[PDB]
Amino acid sequence: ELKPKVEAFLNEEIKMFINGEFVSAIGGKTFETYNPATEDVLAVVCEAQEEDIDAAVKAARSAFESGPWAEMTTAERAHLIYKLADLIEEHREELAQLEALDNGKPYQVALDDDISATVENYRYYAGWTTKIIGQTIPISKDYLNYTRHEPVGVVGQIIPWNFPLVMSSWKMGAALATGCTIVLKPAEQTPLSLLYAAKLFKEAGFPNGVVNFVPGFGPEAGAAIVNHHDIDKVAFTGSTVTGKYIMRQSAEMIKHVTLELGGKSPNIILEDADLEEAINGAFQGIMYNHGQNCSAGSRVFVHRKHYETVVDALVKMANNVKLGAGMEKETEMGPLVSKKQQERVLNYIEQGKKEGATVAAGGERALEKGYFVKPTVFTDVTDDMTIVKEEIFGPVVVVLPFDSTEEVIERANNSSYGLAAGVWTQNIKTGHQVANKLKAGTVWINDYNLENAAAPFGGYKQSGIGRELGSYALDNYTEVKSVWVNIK
Amino acid sequence: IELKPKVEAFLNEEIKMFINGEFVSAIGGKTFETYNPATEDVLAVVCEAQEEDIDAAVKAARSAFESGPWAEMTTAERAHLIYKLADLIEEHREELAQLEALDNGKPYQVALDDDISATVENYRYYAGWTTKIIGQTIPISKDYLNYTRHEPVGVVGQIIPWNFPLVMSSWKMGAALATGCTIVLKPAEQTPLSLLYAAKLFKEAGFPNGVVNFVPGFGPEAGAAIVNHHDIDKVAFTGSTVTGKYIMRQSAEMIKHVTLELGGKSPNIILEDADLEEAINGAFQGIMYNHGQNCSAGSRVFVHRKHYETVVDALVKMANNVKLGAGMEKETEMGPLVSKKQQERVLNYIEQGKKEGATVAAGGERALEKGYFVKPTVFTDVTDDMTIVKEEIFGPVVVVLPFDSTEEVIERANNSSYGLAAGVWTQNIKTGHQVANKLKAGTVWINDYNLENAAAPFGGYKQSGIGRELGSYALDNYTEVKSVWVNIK
Amino acid sequence: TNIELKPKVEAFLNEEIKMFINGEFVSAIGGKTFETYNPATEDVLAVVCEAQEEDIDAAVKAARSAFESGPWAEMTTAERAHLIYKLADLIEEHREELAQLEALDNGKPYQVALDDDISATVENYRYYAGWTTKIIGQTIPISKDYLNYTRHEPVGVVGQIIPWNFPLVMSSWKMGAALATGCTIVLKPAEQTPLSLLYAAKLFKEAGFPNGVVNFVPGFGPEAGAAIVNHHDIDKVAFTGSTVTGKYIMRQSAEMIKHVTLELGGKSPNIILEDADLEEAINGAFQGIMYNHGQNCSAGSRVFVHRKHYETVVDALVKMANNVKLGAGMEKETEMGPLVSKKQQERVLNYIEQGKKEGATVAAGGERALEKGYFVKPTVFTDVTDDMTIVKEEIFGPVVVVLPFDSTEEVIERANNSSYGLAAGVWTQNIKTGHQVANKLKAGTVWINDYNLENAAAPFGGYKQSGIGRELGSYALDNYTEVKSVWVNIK
Amino acid sequence: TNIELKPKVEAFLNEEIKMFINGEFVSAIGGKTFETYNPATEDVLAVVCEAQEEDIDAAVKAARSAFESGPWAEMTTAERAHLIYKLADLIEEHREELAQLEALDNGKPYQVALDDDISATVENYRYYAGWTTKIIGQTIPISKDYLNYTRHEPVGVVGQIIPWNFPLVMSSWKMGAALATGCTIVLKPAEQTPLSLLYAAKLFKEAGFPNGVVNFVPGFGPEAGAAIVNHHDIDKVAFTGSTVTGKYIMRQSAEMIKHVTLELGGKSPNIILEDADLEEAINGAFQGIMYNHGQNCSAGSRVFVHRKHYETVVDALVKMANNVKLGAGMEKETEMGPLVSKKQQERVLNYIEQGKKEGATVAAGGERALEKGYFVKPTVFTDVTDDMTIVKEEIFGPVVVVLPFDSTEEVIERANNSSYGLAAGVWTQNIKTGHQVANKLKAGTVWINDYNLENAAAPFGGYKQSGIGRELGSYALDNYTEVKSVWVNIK
Ligand SMILES: NC(=O)c1ccc[n+]([C@@H]2O[C@H](COP(=O)([O-])OP(=O)(O)OC[C@H]3O[C@@H](n4cnc5c(N)ncnc54)[C@H](O)[C@@H]3O)[C@@H](O)[C@H]2O)c1
Ligand SMILES: NC(=O)c1ccc[n+]([C@@H]2O[C@H](COP(=O)([O-])OP(=O)(O)OC[C@H]3O[C@@H](n4cnc5c(N)ncnc54)[C@H](O)[C@@H]3O)[C@@H](O)[C@H]2O)c1
Ligand code: NA
């Protein structure tokens, strides 16, 4: 049942947030957002055009060069961010409902993971605003040498639909902590949650134009941001194809880019794994968030001795998941975010069948309406098959036998991706030997899918450029100035 | 200046490439010529790297990275290798400085005192880092050990220009090597000799086969093969904005990390309470150092109105007095531009400066009878929209502009697509730190100019680049951060 | 015109003031109590439960059990951080309560206790709440056969003793960094000024600190403090106070090979060179010594003035001293309050006598003020020489010594000829001279064209006999850590 | 099979051994000398100049002057770095000379002195030369009104005292980090083992160290050591050695509020869990104690074994102990040399008798060995209890104690129930159990599936009464530094 502040919000058309103000599109356009469990329209949203991105950017440039955001102390800036965290926590139920309605994930996991992650995130980055230190370099007695880590200026941020609010924080926490200002575009599929949270930025006391949210379409609002002459730096999370474009375009202006893109991450069950723990790890690794997760362990490698056991366990668990609407208490898995996404994973399933793979579970739509896909388990697969190389992005796992540690490292590594990886082994040497050898940004040894504001996240190879999260994330929003003072 | 025997012997033969630890010719026998810019004579014939040769270099670098000595070796052992190399470079300092003077065109004495010694010092400095490239241990929860590894990114492709040839090879390789990367490096076609002589010294220091591979040639073939190679993990370039754009564009197809060091139009700013003597010299040397073939050159000299006439007069005199000659003549203070193409380009900018209404207070033409020389030039009666105050000329060309307030000069100095460096001259403690804080540049010198050191980072804001070189900072470009979570529950 | 008492301080002051051990409010086991006064009136302000060795003992066992097991030992870093941040919010919410208590118990003016002490305390806890998730160790690349990493573990139960001159702020300097690291605490506030801290105990409870993490044991140096210094089960000791007591502590800690952090006194020079902006430097000079009644360790007790400006700054310093409005801290018009005790008042009046005996001129002040209270007049000493008792030793009152100099190399040597080295100020408009002078002075803190600035993010401490170690900033965390180097064979 | 003396050590030992003060080789002012012995043969190995209080005062003035003015004070970091690297190269050039001096003077085998000691000394200097250019402070973004920065300034003249068991390498531990930061040094080698360091003085001079940057004063602890400890103009003191002398030094240092770092003894535990790889663990347990004849503070002198393997490991250590080949350091066959002195042999023989009369069983050794020299047999003690002298106190010979255990929780407790906390070893093939156990052990360094590993890049130090501070790694630089926070007012 809908919370009253959510009912009130969804009762009017959704406005953009530009220069501390809730506004319509300058030319009045709007777009629809849907509920993927029902396929009905959930809201009508003001649609940002190029001229709106230009208003957002002017407002951001201005808040950065002059005024309170530019005059504030690092303690004062930190307080703003902490207060935002508190506010998001006060409205945890309202935001969780919006993610459940707009994205489609279960309400309770939006509350326990997404909203708590977002809150911890801001809290973490609020602590960095006073600790972004530069250096004093001893070189000569004739010179004082030091570096300042100055905020790069106005940043352009584009994020996807699969963890809408979490990803807004991954982006803004680090950038805001260095003292930048922000033009952010949420995904056309999932703008609501960020646009509700705007109120909380206003109420926490963020000066006008420090943040600006411009919902819309990728080729218009999105591309306006990437091609704008007065955006200093761009950060993107999304598909590899859009990734490549953003970097291409960013080259025209010698603009720093940080990309978080796709994965085909291996999750590896060696002979001395604790089998009961690795099975649950493998299953949650792919099935968490309906498989709509960059870091999903969509290639479960199993030592040959345990293959038939883990496959039997993964089939049983696949058929056991409770499919339903995110706003139903009993739901464990919701649907895909859109019709186009469901069609896409269903075409990947058909491709796998026609290439010779065997569906041991799932492999088809689920329910009467909504964009559901049954959790799917593929067997009899080879490394050269399409389904084993390309990111599917649905609850679809491929399960591969291997006979030696050296073999599985090489097959795990033979990929264009390198975002994450899992390794299950009880042995101390093997754990760290394998972790060392895998070409992946994040390695989990006897676990999978763990994220924290304090730990860096990002890809090797075509999974990205740069890291978000941790201390490392600050570097992207900074510009290093080496000052030399003649004291001779 | 008498040519060293070892230089004589080196120039007496065809100049080989260095791939997988051996001195080689190009697979298909192609060659090109390098000139002495002071005489226009052929200086040496060099083996020209083709696509095929870059391929041989990348395989060798891949092999040295995945297996073998380089891959197994301790950090202390790698540090010792890099240090032995610096010692060798220092032992051959005179040979290297002559090649830098012959090939590039600068005065011997400055190549010795500045270039060679800074090459030695930068390797010396980065050998100390190998053992100190640390990651983190992060406290999150009692249920996990969290730690990060800073793994070397792998095979790295590096392209450099011609204005500081050896020093720039050390800016690229010092940090790369210190992290444990392996390297395919392309020197500039105008100035391959220093680096290919230096190759003898990597071999003698004990570098394993393939750690370092030097492929001289041309940008559209050797350069482009580097940029576009699927097996190179990361690319680093310095040179023209136009080539840098291209490289970042091509790097998008492999989602490949890029470091770019590009041009500048750096302001050198003289406020009312400058020590004027020291600021006039700093202004003159800021633009004229290395014939103005310096991306950080103080090419816009802003002067508070009270001092404007005084510094214009002084820069005209100083400009008129610089002694042009060959780098190998002991009397020479400034040599020539590196090529006929570059002389033509800077002379074109002089004419465009005249067409637009500016006045040439000094110089403004070619000099001498042989050589790509251009006279030191002072432009006056200038405005902010003129192409000469906006674009990188890369010559001994300076633009002198008056101003009347501190806020005004900050706004004008910052209105550039560039942002590499800046100079500020003031005896006031508040104003010095204030002005420096507000200038959008990678490096700011308060009461000095053109100071670089292995330990202080260097790079541009805006279109002057992406990333920093030198210092601790440069390490990060050759690194790949791995976050490891160990469940200890 | 009196600042009216908050209902909550009134209630607090009506009962015996209890100690805080193992999350509970308790009297001393033997039932002893001591009195604390209002130094403006001399009246008894509260009666307080007095901690003996046996009470310190109970606090340590409580600290030990909270460190070895339980919620504080199992909590995530984000959970700890949230606690520390909620604490800062509670302190800000009771800002007026806390500030009335400093003004009453310590003596300083209510308004500055509010604007400065209280907000600095709040700011300090918010800064350290941020470090909790960020105390990072290293991953050292040595050899492909090992995995080498360090952990920065909390050292354990820490013994913390603080003085009376900034009572709440100093409690935050000690506890912020230590709690941030995951340590647990037994902390003795000064017998002159226990109230502020024992009120704040409410707020550690209301924020939800587990029992035993934090324990406050008020009482006397030779009993409660000494029992902290000598307890076998306290892992590390941190002290701020007199140089005499600091040596006793360091000497006693020798017997248990215990890490020690000391913040002691100072004779900090404030240096006005020829090209100072004089109007500013005169205020820096006056404010550098007179802030908090000179009961401030970083105080610019020596004002060095280039000779061109000596007569000018003396005249301004005299006019200013004679103009400060002395009175009760709870009274609105008050600029300067009294000294914390009769004992301290005697100490400073006594240094004033030694100043006159040694030949110096009292240019202003030089005696007690008002009819009651521990007040001393802002004092200006003129005709001074570097060998005099008053120029060498820390007085701790509103007493300043003015010294001319003729050159920069001279003033650097004269400033530096001291056993102390807590802080220094340099006033000069020249870019080179500022940094040159700052580089050459032997002091933990140098302010260039300013004085008495403190912030959570910037470390503070002394060179030579002004201390060992640093407080504030990131540096402070190292005092409460224990480094462990783990090697994992992966051959 | 005798290892043949190097011409250069022949020439060195053929003369009276001189002190190194202010760049020159000198005698003691009063002309006193002392002898050092060959602990294999008990003959006089050399006659060395004895530093007295008056010689420490000369050494301190020279270091003070070298710190305040002259090349060392004006030099760039790149230049300081180059002196330290040239030293490292010269040491490596003289590797055989120096390893023979350790073998003659300390008693350890030549080949191990060369492979370990000399090679680590070199690598230590090489690593610390890399730090001179990278000792960075902070710029702290606090407010737009200030530039806040900190400087890590060298602390000044430092006094360093080292023991006799790893003579040259321990001198590098002290000096690398101290010189890296820009300090100057008065260093006293142990009376038992002065030779390797005073030979190494040739190399400081040949490398181009300015006069006074480094001063070496051989002598007796209660005269030359105490003169360093009690000197008013030494800014900081570092020491490794006995708990007893360390408490003295800290006690004495209190008077000057002088920073102390201490590396003291240990009773380090080496824990074989049920799932250890037993082959490896057995060698680890054996090498862990017997390396350097047990004259190693981090020695695994308490070998804990799961009861499943107790008999298997006791039988193996007994066989290995009875097989060690004892002899002179300069004989080729030697696997273990003698103890350092007659006094050291008598102390360890006393502990063995104490073990016997408390009721423990000597399963091997337990007595002196050979005809001449200060040798003691490798000893295995069994049937031992936690409360026994031999399982509590540091013996410092080739003496191990084997203790069974039944649960992991139990072994963590018994291993931590000690006043010591220098190092520990944990042997388990399980990923989880390795790290959990390493986390719960109260020791400065923990080895997982190995033992006795040290490296210039990884910090070393003790928890509890094993020490204060760390040496090695970046961590060692903080001990020789003094942090200065500058605040520049920019309006
Ligand atoms: N790395 C991730 O976390 C992530 C997230 C979502 C999707 N993906 C991958 O992307 C695939 C397809 O998803 P999609 O097409 O909806 O995502 P997408 O790559 O189009 O990116 C989504 C975001 O980028 C914006 N965008 C689209 N075109 C743009 C343009 N030309 N300029 C600027 N911004 C633009 C979108 O509006 C949205 O904000 C999935 O199958 C999956 O493999 C990855
Ligand atoms: N920490 C270590 O690595 C280490 C090294 C050697 C000995 N020890 C312990 O100490 C025991 C043996 O004692 P020791 O003979 O080494 O004596 P010691 O610890 O006193 O000697 C070590 C150093 O300190 C000096 N010294 C001694 N008394 C001094 C004083 N009063 N002032 C200044 N310096 C002084 C000595 O000359 C020597 O250089 C061993 O059995 C062992 O347990 C520990
Ligand atoms: Na009181």
Side-chain angles (χ1 to χ4, degrees), chain D residues 9 12-13 16-20 28 32-52 98-110 112-113 117-118 121 160-174 187-201 216-228 239-246 248-249 263-265 292-297 299 328-330 336-350 368 372-376 394-398:
Chain D
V9 327
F12 179 60
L13 298 171
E16 163 170 292
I17 318 282
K18 256 135 160 69
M19 282 167 60
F20 190 69
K32 282 190 201 249
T33 55
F34 71 100
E35 308 172 318
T36 180
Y37 308 89
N38 180 322
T41 62
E42 318 178 35
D43 296 331
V44 167
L45 177 69
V47 349
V48 197
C49 296
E50 215 192 304
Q52 311 296 296
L98 291 159
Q100 282 190 183
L101 287 173
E102 301 292 57
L104 291 174
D105 211 17
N106 146 288
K108 72 183 72 205
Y110 169 79
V112 1
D117 289 60
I118 301 304
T121 290
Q160 291 178 329
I161 295 150
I162 67 177
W164 40 256
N165 63 322
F166 295 104
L168 190 68
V169 64
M170 277 161 156
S171 74
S172 77
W173 282 34
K174 287 280 178 297
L187 187 153
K188 128 139 181 77
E191 50 268 32
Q192 301 85 335
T193 56
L195 291 178
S196 67
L197 179 74
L198 296 167
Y199 186 95
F216 307 139
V217 275
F220 286 95
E223 174 72 12
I228 287 166
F239 171 75
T240 118
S242 62
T243 285
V244 179
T245 309
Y248 171 72
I249 288 156
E263 297 282 352
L264 308 177
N292 204 42
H293 333 160
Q295 300 188 116
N296 181 28
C297 272
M330 291 292 272
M336 190 191 294
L339 260 36
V340 90
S341 73
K342 197 199 149 204
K343 171 173 168 108
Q344 276 309 112
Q345 183 191 35
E346 287 177 335
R347 278 179 81 274
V348 359
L349 290 170
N350 258 297
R368 67 148 112 234
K372 208 90 152 293
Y374 317 124
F375 301 83
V376 7
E394 183 165 67
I395 297 161
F396 222 65

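Naming: A, B, ... by sequence-line order, numbering from 1 per chain. Side-chain atoms are counted along with the backbone in the values below, which use heavy atoms only and exclude waters and symmetry mates.
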State, to 0.1 Å, how close D:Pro218 and D:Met19 come at their nearest heavy-atom pair, and which atoms those are. CD-CG, 3.5 Å
With a 4.5 Å limit on heavy-atom distance, are the side chains of D:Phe216 and D:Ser171 in contact? no
I'd like to know whether the aromatic ring centres of D:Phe396 and D:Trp164 sit less than 6.0 Å apart in this structure. yes
Which atom pair, heavy atoms only, marks the closest approach of D:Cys49 to D:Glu16? SG-OE2, 3.5 Å
Side-chain contact test, heavy atoms from C-beta onward, threshold under 4.5 Å: evaluate it for D:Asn165 versus D:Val340 and give yes or no. no
Taking every heavy atom of D:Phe166 against every heavy atom of D:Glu102, the minimum-distance pair comes out as C-OE2, 4.4 Å
With distance as the sole test, does D:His293 use its side chain to make a donor-acceptor pair with the main-chain N or O of D:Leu339 at under 3.5 Å? no
Value rounded to 0.5 Å, distance of NZ in D:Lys174 from NZ in D:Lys188: 12.5 Å
Distance in Å, D:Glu346 CD paired with D:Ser341 OG, rounded so as to fall on 0.5 Å steps: 8.0 Å
State, with a plain yes or no, whether a side-chain heavy atom of D:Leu197 is found less than 4.5 Å away from one of D:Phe20. no
Calculate, to the nearest 0.5 Å, the distance between atoms CD and CG belonging to D:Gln344 and D:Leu349 respectively. 11.0 Å
Check this for me: D:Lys32, atom NZ, are more than 12 non-hydrogen atoms of other residues, nucleotides or ligands nearer than 6.0 Å? no
Which heavy atom of D:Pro338 sits nearest to which heavy atom of D:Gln295, and what is that distance? O-NE2, 4.0 Å
What I want to check is whether the side chains of D:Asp105 and D:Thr36 have a donor and an acceptor closer together than 3.5 Å. yes
I'd like to check D:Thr240 versus D:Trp173 (side-chain heavy atoms, cut-off strictly below 4.5 Å). Are they in contact? no
Are any of the side-chain heavy atoms of D:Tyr110 and D:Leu104 separated by less than 4.5 Å? no
Can you find a pair of side-chain heavy atoms, one from D:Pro398 and one from D:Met336, that are under 4.5 Å apart? yes
When you compare the side chain of D:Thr193 with that of D:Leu168, does any pair of heavy atoms fall below 4.5 Å? no
D:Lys108 side chain reached by D:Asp117 side chain, heavy atoms, under 4.5 Å: yes
Give a yes or no on whether the backbone of D:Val47 and the side-chain of D:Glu35 come within a donor-acceptor separation of less than 3.5 Å. no
Where do D:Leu195 and D:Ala46 come nearest, in terms of heavy atoms and distance? CD2-CB, 3.8 Å
OG1 on D:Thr33 to CD1 on D:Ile17, rounded to 0.5 Å: 11.0 Å
What are the two closest non-hydrogen atoms of D:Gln345 and D:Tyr374, and how far apart are they? NE2-C, 3.5 Å
Nearest-0.5 Å distance that lies between atom NZ in D:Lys18 and atom CZ in D:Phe12: 11.0 Å
Nearest 0.5 Å please: distance from the NZ atom of D:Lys372 over to the CG atom of D:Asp43. 5.5 Å
